[PDB]
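Chains as they are written, first to last, in the numbering used here: chain F, 1 to 249; chain Z, 1 to 249; chain D, 1 to 37; chain E, 1 to 483. Positions of the beta carbon are idealized from the N, C-alpha and C atoms, including for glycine. Before any comments, here is the structure.
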């Protein structure tokens, strides 16, 4: 039903889950997301998350994409990322290499706020902070990106477009109602073909609102409101997955 | 593409025009709208507006229809109206017979707070304040109720249903793009067929939000966002009519 | 003193077309019958 | 008489036209989009067994030197020396003494010409900006026949909106958008005019006043005239260096043309700025004696609607050219064409190829993607907007198939057909120059970067610069049906 997720709806339904943004940043996003959207040719551009830093200048990350194609048996969304320290000005978040991401994986703890820092790894290697941030963001994006099942559909020229005749996910308190965006609409792969204990779902039937929390990445939240038929996801926290998950379950 | 206007997007897009509600009343609305929607067996229930009184206890008014059918060339909606001094508990607004419906249009001035007030008019006639409020709401709904054109369609059995394939209105700046609710989808009746200078449209091309204000009823606003197809309307202020339109313009 | 007739603006400024929406607002307009119009 | 450049190069009988009484105009105008920033371009330097066959000195200079006027004069003088030597040897009489005097005269002429040749050869090596990629690109473009240029770049809305509609600090110089482009084109103009020709290359600027700024709004008409005067002064400082801006006689040499582009008409009417530019274009006579000599030779307008152009005509402004977007698939501004035909003012047609989107490729390809990026086009989001205004990628595919069939009927590239359609409607084309091994790609030619394949020929084809059209009546009917 909805064409794009609404930022105010996301912030309103994820307020309980602890995913919040400051007042100045909220207003600045409201006034600045369209400007960056139209500066590029992106049909869509929305807030992706807010990573916490050490100095106090949190990294606001937004992602956008133009068209959604299906290629090699999957939905390949060509995305572009931007970051900022304040909601006003948006800078590009450059993609990293492969070995640079492997080295990225070895930095732990929250990255500092200054994007001019350099981390030392081991023959020594210098890792810029923006590379680490992009590595973490792409890791989280690859791991968890939820949309309700069959909320999209193929079409002529084989482009994954929204499904304007979406009836609504039946039985939305179960993981069979939600799926990763990369999964093709026709295929039956959903949020239940991954590990058995890395997703939690809460459901309010009277208000008809479902909240899906990722336990592999404890900062990823998603809402699906059935009465309005509106869904949206957010990330708040540092880009670290809890490897010690089993002892937690 | 939407099926029912949100109560949060309306308050967000109409905040600048002064169409705002108290935060406590906003939370109370969020909780107690579905309760009344289920207690009354209505598939659609949205906040219609807010009317000012001589007290701080304004009347919040919400309308809801169960069926909506074509009848003698008029899209008749079987609306039910509810009022509340606070966002928590709702009461009903019973319709008004024609004699008092004509003896209620002569009573002017902004209403009091207690809905058990009897106006005395000229032998003396006693008329309840709830009747006056119902008359004013009916007049504003007849004069103003506005939706984008082609947003509704006629199915078999002559029922007006949302057009799921509504692609949006080109030229949102033009008044031709908008129509009254009780206009049949086939008929080419719009707000252009009203008086020339009774509707002011201000459209921000960049953010893609058009705003239509009623000048005959100064407190009626209607926003339409086109990037994501979302339209809503609210009436805030007293329900009186602006007679001397010719002098002001 | 006599104000310069507004039509002389065409010759002085070498502007081809002049349009006064309200002669009441202007002051250099000249009335032939000497009655305000 | 036809244009001599276009006579030898394309066998074209087209006579040369003049935009103004002083400045000429090429059949096609080159809109100049910089590939990189001016700072990163004004710093490029061409200066890097006993013999390097790949050294730039033996390769680039031997081509860039034979195209200079001193070398041609040297060759011609040698030719006349040999000839007159032949006749003076033949004659052997009293007239032979006068002819020998003529030979001595041409000998000293040869001496000074050779001195100038050595001077220019040295001038090649002592400046870094010459012989670079972009300088050679523009030199080849100008030698192809399109000597007119137009400053342009990524523009509203696909650019930084803070560099257009942002409030600069008070200490900032009065430099506006499309600034570095003027500097690069001025450097090219001075280099080319030093190598050959006094005024060979033209240049048509572009003035984009930020009418939404606080200073413009709060100031008024004096603020507007001060701003346009400051822009004119800065543009003179850009096109001509601090030295040489004035003629030796003491009268300033004026600019070629200034194009006014207005952002909003309901915000501020362009009458004050138009009057100020007209006054700067005219010289104020005193008694007769010229006073306040002209600084601008003409005024043009950009994308004004027909009613606004008529209103500007009705206020005495001497408009000389207007550029609009009018292609074979977009015909949104017909009234402006009729109005300009009536009032006899030139019209320039930007678009035509929809930004290189009518090329050989895209015939069956998926739509270009901004995030992934396409490099054969100039602006991807602009191309998608053109596609949406046409109606969609399917309609563009059908139109491109029709155009490709028309092209293969004659044997031309799929873009010369659109450009000739533009020329046939009266308007002058406006093609965006291409850079960095994609040279001549705007005309459809491919693999034209190296001299080994080009052989010195331009990357255009004759039928485009021709007085008679090559489009038969069926082709005209089909293209009109494209709509």
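Practice problem: Can you have a look at residue 93 of chain Z and say buried or exposed, based on whether 16 or more other CB atoms are within 10 angstroms of its CB? | Solution: Along the second chain, one-based indexing puts residue 93 of chain Z at 93. Within a 10 Å sphere around the beta-carbon of residue 93 of chain Z sit 16 or more other beta-carbons, which makes this residue buried.
Quiz item: When the Cα of residue 128 of chain E is compared with those of E:110, E:187, E:174, E:167, which residue comes out closest?
Solution: Your numbering for residue 128 of chain E matches position 128 in the fourth chain. It is E:187.
Self-check item: Contact set between residue 15 of chain D and chain E, taken where Cβ atoms lie within less than 8 Å
Solution: By one-based count along the third chain, residue 15 of chain D stands at place 15. By Cβ distance, chain E contributes 315, 316.
Practice problem: Could you tell me if residue 410 of chain E is buried or exposed, where buried requires 16 or more neighbouring beta carbons within 10 angstroms of its beta carbon? | Solution: For the purposes of this step, residue 410 of chain E is identified with residue 410 of the fourth chain, where counting begins at 1. Exposed, by the Cβ-count rule.
Self-check item: Within chain F, the residues that residue 34 of chain Z reaches when beta carbons sit closer than 9 Å
Solution: Here residue 34 of chain Z corresponds to residue number 34 of the second chain, with the count starting at 1. What residue 34 of chain Z touches in chain F: 206, 207, 208, 227.
Exercise. Go to residue 404 of chain E, then tell me how far its beta strand (DSSP E) extends in each direction, as first and last residue.
Key: Here residue 404 of chain E refers to the residue found at position 404 when the fourth chain is read from its first residue. Residue 404 of chain E -> not in any beta strand (DSSP E); alpha helix (DSSP H) instead, spanning 393-410.
Quiz item: Would you call the CB atoms of residue 416 of chain E and residue 358 of chain E closer than 8 Å?
Solution: Taking the fourth chain and counting its residues from 1, one reaches residue 416 of chain E at position 416. Taking the fourth chain and counting its residues from 1, one reaches residue 358 of chain E at position 358. No; because the gap between Cβ atoms is not below 8 Å, this pair is not in contact.
Exercise. Tell me whether residue 346 of chain E is buried or exposed, calling it buried when 16 or more other Cβ atoms sit within 10 Å of its Cβ.
Key: Along the fourth chain, one-based indexing puts residue 346 of chain E at 346. Residue 346 of chain E sits buried, since 16 or more C-beta atoms from the chains shown fall within 10 Å of its C-beta.
Practice problem: Kindly indicate if chain F contains any beta-carbon less than 8 Å away from that of residue 3 of chain Z. | Solution: In the second chain, the residue the question calls residue 3 of chain Z occupies position 3. Yes, contact with chain F.
Exercise. Anything in chain F within Cβ reach of residue 243 of chain E, meaning under 9 Å, just list it in chain order.
Key: For the purposes of this step, residue 243 of chain E is identified with residue 243 of the fourth chain, where counting begins at 1. Under the 9 Å cutoff, chain F gives no residues; its nearest Cβ is about 40 Å from residue 243 of chain E.
Quiz item: In chain order, what residues of the same chain have a beta carbon less than 7 Å from the beta carbon of residue 103 of chain F, not counting five sequence neighbours either side?
Solution: Taking the first chain and counting its residues from 1, the one referred to as residue 103 of chain F is at position 103. For residue 103 of chain F, the CB contacts under 7 Å within the same chain, skipping 5 residues up- and downstream, are 121, 125, 127 in chain order.
Quiz item: Between residue 390 of chain E and chain F, is there a C-beta pair that is closer than 8 Å?
Solution: Walking along the fourth chain from the start, residue 390 of chain E turns up at place 390. So no, residue 390 of chain E is outside the interface.
Exercise. Throw me the rounded Cβ distance for the residue 178 of chain Z and residue 212 of chain Z pair, which I believe falls under 8 Å.
Key: Here residue 178 of chain Z refers to the residue found at position 178 when the second chain is read from its first residue. Here residue 212 of chain Z refers to the residue found at position 212 when the second chain is read from its first residue. Contact between residue 178 of chain Z and residue 212 of chain Z holds: their C-beta atoms lie close to 6 Å from each other, under 8 Å.
Quiz item: For residue 56 of chain E, which residues from the same chain have a beta carbon less than 8 Å from its beta carbon, with the 5 sequence-adjacent residues on both sides left out?
Solution: Locating residue 56 of chain E in the fourth chain gives position 56, where the first residue counts as 1. If we look at residue 56 of chain E and ignore the five residues flanking it on each side, its Cβ neighbours are 46, 48, 131.
Quiz item: At least one CB of chain F closer than 8 Å to the CB of residue 89 of chain Z: is that the case?
Solution: Residue 89 of chain Z sits at position 89 when you count from the first residue of the second chain. So no, residue 89 of chain Z is outside the interface.
Quiz item: Just checking my contact of residue 332 of chain E with residue 154 of chain E at CB under 8 Å: how many whole Å lie between their CB atoms?
Solution: As a working note, residue 332 of chain E is residue 332 in the fourth chain. As a working note, residue 154 of chain E is residue 154 in the fourth chain. Actually they are not in contact, since the Cβ atoms of residue 332 of chain E and residue 154 of chain E sit about 22 Å apart, beyond 8 Å.
Practice problem: Using a Cβ cut-off of 7 Å, pull out every chain F residue sitting near residue 372 of chain E, in sequence order please. | Solution: For the purposes of this step, residue 372 of chain E is identified with residue 372 of the fourth chain, where counting begins at 1. The answer, in chain order, is 78.
Quiz item: Whole beta strand (DSSP E) runs in the segment 183-270 of chain E with 3 or more residues, listed along the chain?
Solution: 258-261
Self-check item: Rounded C-alpha distance that separates residue 264 of chain E from residue 350 of chain E
Solution: Looking up residue 264 of chain E in the fourth chain gives position 264. Looking up residue 350 of chain E in the fourth chain gives position 350. Cα to Cα, residue 264 of chain E sits roughly 20 Å from residue 350 of chain E.
Exercise. Name the residue from Z:216, Z:181, Z:190, Z:204 whose alpha carbon lies nearest to the alpha carbon of residue 198 of chain Z.
Key: Locating residue 198 of chain Z in the second chain gives position 198, counting from the first residue. Among Z:216, Z:181, Z:190, Z:204, the Cα nearest to that of residue 198 of chain Z belongs to Z:216.
Quiz item: Within this structure, are the beta carbons of residue 49 of chain F and residue 234 of chain F separated by less than 8 Å?
Solution: By 1-based counting over the first chain, the position of residue 49 of chain F is 49. By 1-based counting over the first chain, the position of residue 234 of chain F is 234. Judged by their CB atoms, residue 49 of chain F and residue 234 of chain F are nearer to each other than the 8 Å cut-off.
Quiz prompt | Cβ separation of residue 223 of chain F and residue 47 of chain F, assumed to be a contact under 8 Å, to the nearest whole Å | solution = Stepping through the first chain from its first residue, residue 223 of chain F is reached at position 223. Stepping through the first chain from its first residue, residue 47 of chain F is reached at position 47. About 14 Å; that fails the 8 Å criterion.
Exercise. Starting from the C-beta of residue 84 of chain E, find all residues in its chain whose C-beta is less than 8 Å away, skip the five residues before and the five after it, and write them out in chain order.
Key: On the fourth chain, residue 84 of chain E is found 84 positions in, with the first residue counted as 1. If we look at residue 84 of chain E and ignore the five residues flanking it on each side, its Cβ neighbours are 99, 102, 103, 106.
Exercise. Anything in chain E within Cβ reach of residue 65 of chain F, meaning under 8 Å, just list it in chain order.
Key: Numbered from 1 along the first chain, position 65 holds the residue referred to as residue 65 of chain F. Here the neighbours are 371.
Quiz prompt | Option in Z:68, Z:56, Z:164, Z:18 with minimal Cα separation from residue 183 of chain Z | solution = Here residue 183 of chain Z refers to the residue found at position 183 of the second chain. That would be Z:68, whose Cα lies nearest to the Cα of residue 183 of chain Z.
Self-check item: Host alpha helix (DSSP H) of residue 9 of chain D (start-end)
Solution: In the third chain, residue 9 of chain D corresponds to position 9, counting from 1. Taken as a continuous stretch (DSSP letters only), the alpha helix (DSSP H) holding residue 9 of chain D covers 8-13.
Quiz item: Got a sec, what are the start and stop residues for the alpha helix (DSSP H) residue 90 of chain E sits in?
Solution: Taking the first residue of the fourth chain as 1, we reach residue 90 of chain E at position 90. It spans 69-91 - the alpha helix (DSSP H) in which residue 90 of chain E sits, taken as one unbroken run.
Exercise. Please confirm if residue 42 of chain F has its CB atom under 8 Å from at least one CB of chain E.
Key: As a working note, residue 42 of chain F is residue 42 in the first chain. Chain E contact via Cβ: present.
Quiz item: Looking at the C-beta of residue 8 of chain Z, does it have a partner C-beta in chain F at a distance below 8 Å?
Solution: Within the second chain, the letter at position 8 stands for residue 8 of chain Z. At least one chain F Cβ lies under 8 Å of residue 8 of chain Z.
Self-check item: Between the CA atoms of residue 83 of chain F and residue 139 of chain F - distance to the nearest angstrom
Solution: Here the question's residue 139 of chain F lines up with position 139 in the first chain. Here the question's residue 83 of chain F lines up with position 83 in the first chain. Computed Cα separation, rounded: 16 Å.
Quiz item: Would a C-beta distance cut-off of 8 Å place residue 12 of chain E and residue 466 of chain E closer than the cut-off?
Solution: In the fourth chain, the residue the question calls residue 12 of chain E occupies position 12. In the fourth chain, the residue the question calls residue 466 of chain E occupies position 466. It is a contact, given that the beta carbons lie within the stated cut-off.
Quiz prompt | Spatial neighbours of residue 18 of chain E in its chain, beta-carbon cut-off 6 Å, leaving aside the 5 residues before and after | solution = Start at 1 with the first residue of the fourth chain, and residue 18 of chain E comes out as number 18. Here the set comprises 24.
Quiz item: Can you tell which of F:110, F:232, F:227, F:96 has the C-alpha that lies nearest to the C-alpha of residue 220 of chain F?
Solution: For the purposes of this step, residue 220 of chain F is taken as the residue at position 220 of the first chain. Per the Cα distances, F:232.
Quiz item: Considering only C-alpha positions, which residue in the set Z:188, Z:114, Z:62 is nearest to residue 79 of chain Z?
Solution: As a working note, residue 79 of chain Z is residue 79 in the second chain. Taking only the C-alpha atoms, the option nearest residue 79 of chain Z is Z:62.
Self-check item: Supposed contact pair residue 461 of chain E and residue 412 of chain E - C-beta distance, whole angstroms, cut 8 Å
Solution: As a first step, residue 412 of chain E must be located in the fourth chain, where it is residue number 412. As a first step, residue 461 of chain E must be located in the fourth chain, where it is residue number 461. About 6 Å separates the two Cβ atoms, so the contact holds.
Exercise. From the DSSP output, in three-state form, read off residue 6 of chain Z for me.
Key: Looking up residue 6 of chain Z in the second chain gives position 6. Residue 6 of chain Z falls in the coil class under three-state DSSP.
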